[PDB]
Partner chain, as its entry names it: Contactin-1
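Shown next as C-alpha cells: one chain only, the form solved without the partner chain.
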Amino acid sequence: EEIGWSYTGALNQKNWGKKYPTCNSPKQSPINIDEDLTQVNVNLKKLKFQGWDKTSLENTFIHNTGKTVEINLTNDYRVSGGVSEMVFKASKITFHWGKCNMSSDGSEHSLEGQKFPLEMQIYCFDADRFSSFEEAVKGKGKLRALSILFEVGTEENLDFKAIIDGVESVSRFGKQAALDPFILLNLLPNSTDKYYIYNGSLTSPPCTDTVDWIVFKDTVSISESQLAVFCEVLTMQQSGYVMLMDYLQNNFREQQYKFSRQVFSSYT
C-alpha cells in the first residue's frame, strides 16, 4: 500500500516530501512554543470533555505499529473548545519517546525550548462528517489533536498503570493487546485550563495539514520504571540492504519553522 518511511534512516524525514508532498507545506508540526511569544486570547472557549471520566470499554486495544504504540479508542469520547465549540470525537492515542531516561529528549513539541522524555498525543475528528479518523485523514477533514508532555517523578503514576501494562504487552512488532480498564480524563494534566493552540499537521506521513493542536502547559509525571517500558518496544528497520529488528527509540519528528503562524494561549 503506502510507501515505507523512517525518521533518520531510509526515506528519512528530510526526504518525506519527495513521496508525501504535504510534508513540505508551511503548516507543519511539531513546533517549539515560548510563552512570551504567544498571543493570550480571552475569547478562547474553555475545554469541554464529554465521556472522558467513564471507564474505557472492553474492546480497547493497544497496538505496536513499529513507529509507535497506538491506542484505538472505543468509547464515545467527545471534546470541544479552544478556537471553536464544534465537537470532535477522540479516537487514537500515540506516544513519542527518546531513550527513556529522565534526561532524554523524546517529545515532539517543546516548551521554552525544553523537550520532554515522553509525549502523548490524542487524535480527534468530526464524527458527523466522517466514519473514522482514517477516513477523515484521507478526506482532509478538520482534525484536532491534544499534546500531553511528561516528566519523570519519584512515584508510580497509578492512573497510567493499565497503559504501561499494555505497552509491555505489545513489545513485539505488530502485536495487539486489549487494555485493562482505564480513565481517559485521568491521563491529562492536573489542570487543563492553561493551554496553547496553533494550526499544524500530523507529525508523520502523509503529514496532513489540517490539524488544530492543543498543547497543555502543565506536565504529567510518571516514574522512571514506567518510562522504561517504552524502550523495550521492538520495530523493524531497513539498514542498507538488510532488514533488521531493533528497539524502537527516538520516534519523534524534528521541529518545524512557524512560518508566520501565531500561537494562541489561554487566559487564567
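Positions refer to the first chain, counted from 1. In this text, rigid core is short for the largest set of C-alphas that superpose within 1.5 Å between two forms.
Keep in mind that the form solved in complex with the partner chain is not shown, yet the notes after this line are about it.
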Residue 242: heavy atom within 4.5 Å of the partner chain in the bound PDB entry? yes
Given that the partner chain is not shown alongside this chain, does residue 254 nevertheless sit within 4.5 Å of it in the bound PDB entry, heavy atom to heavy atom? no
The partner chain contact at residue 234 in the bound PDB entry, heavy atom, 4.5 Å: yes
Residue 138, heavy atom within 4.5 angstroms of the partner chain in the bound PDB entry: no
Within 4.5 Å of the partner chain in the bound PDB entry, counting heavy atoms only, one of 112 to 120, 168 to 176, 142 to 150, 128 to 136 shows up; tell me which. 168 to 176
By the heavy atom within 4.5 Å rule, which residue out of 225, 41, 238, 55 makes contact with the partner chain in the bound PDB entry? 238
For the list 38, 65, 221, 237, which one shows a CA move of 2 Å or more between the shown form and the other one after the core is fit? 237
